[PDB]
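Architecture at a glance
The residues making up each chain are set out below.
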Amino acid sequence: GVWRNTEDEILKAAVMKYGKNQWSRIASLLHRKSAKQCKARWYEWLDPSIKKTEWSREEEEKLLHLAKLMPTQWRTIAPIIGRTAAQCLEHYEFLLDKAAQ
Amino acid sequence: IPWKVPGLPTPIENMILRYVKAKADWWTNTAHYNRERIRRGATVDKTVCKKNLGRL
Amino acid sequence: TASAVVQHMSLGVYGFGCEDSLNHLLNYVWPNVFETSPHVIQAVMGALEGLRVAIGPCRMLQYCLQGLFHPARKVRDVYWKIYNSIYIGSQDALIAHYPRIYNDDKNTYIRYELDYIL
Amino acid sequence: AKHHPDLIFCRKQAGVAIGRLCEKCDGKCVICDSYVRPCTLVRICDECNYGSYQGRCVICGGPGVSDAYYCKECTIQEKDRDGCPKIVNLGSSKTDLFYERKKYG
RNA sequence: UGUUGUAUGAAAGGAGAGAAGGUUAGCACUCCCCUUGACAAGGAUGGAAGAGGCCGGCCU
RNA sequence: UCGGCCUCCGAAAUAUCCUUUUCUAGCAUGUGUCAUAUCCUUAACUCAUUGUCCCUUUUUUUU
RNA sequence: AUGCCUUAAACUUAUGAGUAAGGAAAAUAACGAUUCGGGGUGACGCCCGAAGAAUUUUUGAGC
Ligand SMILES: [K+]
Ligand SMILES: [K+]
Ligand SMILES: [Mg+2]
Ligand SMILES: [Mg+2]
Ligand SMILES: [Mg+2]
Ligand SMILES: [Mg+2]
Ligand SMILES: [Zn+2]
Ligand SMILES: [Zn+2]
Ligand SMILES: [Zn+2]
């Protein structure tokens, strides 16, 4: 179900060896993880191109503008800002709370 | 998925794009008339229905 | 698990003169008395209770002796609960094996009868 | 048992009653719980075979089907001399199992 | 005035039937066969090999 | 006014190969620590149970 | 370590419910407030409490 520490380590190494089109081979290494869960974990969180840094001022401005533009469409928005859609979503909610004060 | 190979010489790349386009036409036309045969009832083989579903 | 092996091997060879191996293995079992984990702690105590019936109460008392009055309670209560096991199982045989404690100023501690000479 | 630290023996002065073991407990030693080398017969104290309880299992308490023995190693260490070896409290493990099955079933 | 001019199947004794986690589906490229009236189809996908350079070995 | 379709065989499934005999076939020659998950491990650890709870209402089976 | 077909498979990569007890890492919380009394400990740990103008030079005894 949830992702342990050691499971993430196995998943990173296995993607580094087998690439990104063989999730059935990668699922065989883990315990009780299916191929779809492995893929989802990689793109959501474990991929190195995911940027886990603080938000710049520019990146926030684009967030607020695009969220006005296409409301609730975070998969469309998210590659324009270059964050994960979940990241974009929670940071939007952060700024909305902050503007409420 | 977009295919680019950065180093590759342009005679070789032109030849590859030529022959991939030829295979694509052969593939797609076969998809086109095997669907017609499946709809009219001419095929009875199940593996050709699976292959056409995949191509489609 | 090695202490469990010592317990069971100890009781099998009782009466057969294999005490040198068992005393050798006591030299390895005995530093594990300060372990605190309960599974390991009860395997060690089982090994010592097996060894009491194979190499005798005298050896087991000779091991305990120095720590029964040791300054730290840690060493002391572990040592006292080995002593009690020897005492329960072999209370009568220990009469011959106690050390000689000297008399202090107001209390007498020498067992004078054993000191009798015929 | 040796596997349950919270279980407690009766340890009263044992009598002429012979302790018995239910099918589940058949062939094992009452003290150290072993399957091999039976040396002596188990005697239970008067209170523990009072009345309806006459003839139940020593170790668990179910209908007894054969006699209980001490093993050879408990005889040599004279563990057979400590008292009535009837277990007098169910303990946490038995109780937990009941409530767990009853929750489910 | 003899002898290695070879093969098939069976029995006995051994080995054990492709897929970079497991269970498997096949169609071919070369050359080696078997069943077959075959320009068909099967025989484990029929079986067996499969990157480059230098003299079985060495280097990427 | 009439109106009468077919009938079955094998293969794609229980491999293949090696060694020694047996049967037969075919040939060919020769002037540290607080507070949190997790991982690993230990104990021949267990797989439900039926064993008067009868206690309670001014409450009591009628010649 | 060989090319192709529906990434060849529109196949699966399973592992129940609990009892008692350990080991290892990840994560995470703090650094010098000095001495005295008390708690504690084999001993420390730890815990509870308390508190540049003054005789040899440059801020004059000089007038
Ligand atoms: K072939
Ligand atoms: K096959
Ligand atoms: Mg073929
Ligand atoms: Mg097959
Ligand atoms: Mg086949
Ligand atoms: Mg075929
Ligand atoms: Zn029983
Ligand atoms: Zn026993
Ligand atoms: Zn009793």
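With eight residues of chain C at the contact, the number on the chain D side is four residues. Between chain C and chain D, a total of about 510 Å² is buried, with carbon and sulfur atoms accounting for 52% of that surface. There are zero residue pairs in polar contact connecting chain C and chain D. Only α1 (2-12) and α3 (38-55) of chain C provide two or more residues apiece to the side of chain C that touches chain D. Per-element tally for the side of chain C that touches chain D: the top contributor is α3(C), with five residues. Within the side of chain C that touches chain D, the residues separate by chemical class into three nonpolar, three polar and two charged.

Further remarks concern the packing of helix α4 (residues 57-69) of chain A against helix α5 (residues 74-81) of chain A. Residue and element names in this part refer to chain A. Where α4 contacts α5, the axes come no closer than 10 Å and their chain directions differ by 155°. Here α5 runs roughly antiparallel to α4, going by the angle between their axes. Considering only the axes of α4 and α5, their crossing is right-handed. Between α4 and α5, the residues in contact are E59, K62, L63, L66 and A67 and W74, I77, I80 and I81, respectively. Here the contact of α4 with α5 is built from residues that sort into seven nonpolar, no polar and two charged.

Next up on the list: the pattern of salt bridges. Residues and elements named next belong to chain A. Applying the stated criterion across every chain yields a total of 14 salt bridges over all chains. With a closest N to O distance of 2.8 Å, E59 and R83 form a salt bridge. You can see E59 sitting in helix α4 and its partner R83 sitting in the loop between α5 and α6 (85-100), a full 24 residues away along the chain. As far as the burial class goes, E59 and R83 line up, both buried.

Residues and elements named next belong to chain A. Here chain A is described as being made up of domain 1 (1-50) and domain 2 (51-101). The gap between the C-alpha centroids of domain 1 and domain 2 is 26 Å. Taken together, the six residues of domain 1 in the interface contact four residues of domain 2. Buried surface at the junction of domain 1 and domain 2, summed over both partners, amounts to about 400 Å²; 49% is from carbon and sulfur atoms. Among the residues of domain 1 in contact with domain 2, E44, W45 and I50 are the three that bury the most area, contributing 87% of the side total. Between domain 1 and domain 2 we count zero salt bridges in total. Residue classes in the side of domain 1 that touches domain 2 are distributed as three nonpolar, one polar and two charged.

Right, let's talk about helix α2 (residues 91-104) of chain D for a bit. With 14 residues, α2(D) ought to run about 20 Å at 1.5 Å a step, and its terminal C-alpha atoms sit 21 Å apart, in line with that. With one of 14 residues buried, α2(D) lies mostly on the surface of the structure.

Let us now look at the layout of surface pockets. Empty space within the largest pocket amounts to approximately 1,400 Å³. For the lining of the largest pocket, the leading source of residues is α3(C), giving seven residues. Of the residues belonging to the lining of the largest pocket, the class tally is 13 nonpolar, 12 polar and 13 charged. There is about 540 Å³ of room inside the second largest pocket. As for the second largest pocket, its lining consists of 29 residues, and the residues nearest its centre are D:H4, D:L7, D:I59, D:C60 and D:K94. A per-class count over the lining of the second largest pocket returns 15 nonpolar, seven polar and seven charged.

Rules and cut-offs
- Residues numbered from 1 in each chain as written, not as in the entry; some residues may be left out.
- Chains lettered and ligands numbered in written order.
- Part of a larger assembly, values for the part shown.
- Heavy atoms only, no water.
- Contact = heavy atoms within 4.5 Å.
- Buried area = accessible area lost by both parts, 1.4 Å probe.
- Polar contact = N/O pair within 3.5 Å; in protein donor to acceptor, adjacent residues only side chain to side chain.
- Helix = DSSP H or I, 4+ residues; strand = E, 2+ residues; numbered from the N terminus.
- Nonpolar A, V, L, I, M, F, W, Y, C, P; charged D, E, K, R; others polar.
- Axes fitted to C-alpha atoms, helices over the stretch in contact; angles between N-to-C directions.
- Parallel < 35°, antiparallel > 145°, perpendicular 65-115°, else oblique.
- Left-handed = near helix turned anticlockwise from the far one by under 90°.
- Salt bridge = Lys/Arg side-chain N within 4 Å of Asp/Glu carboxyl O.
- Buried < 20%, exposed > 50% of the residue type's maximum accessible area, 1.4 Å probe, protein only.
- Domains from an automatic or database assignment.
- Expected span 1.5 Å × (residues − 1).
- 1 Å grid on protein atoms, 1.4 Å probe; cavity = no way out; pocket = protein on both sides within 12 Å on 5 of 7 lines; lining within 4 Å.
- Points joined across faces, edges and corners; volume = space filled by probe spheres on them.

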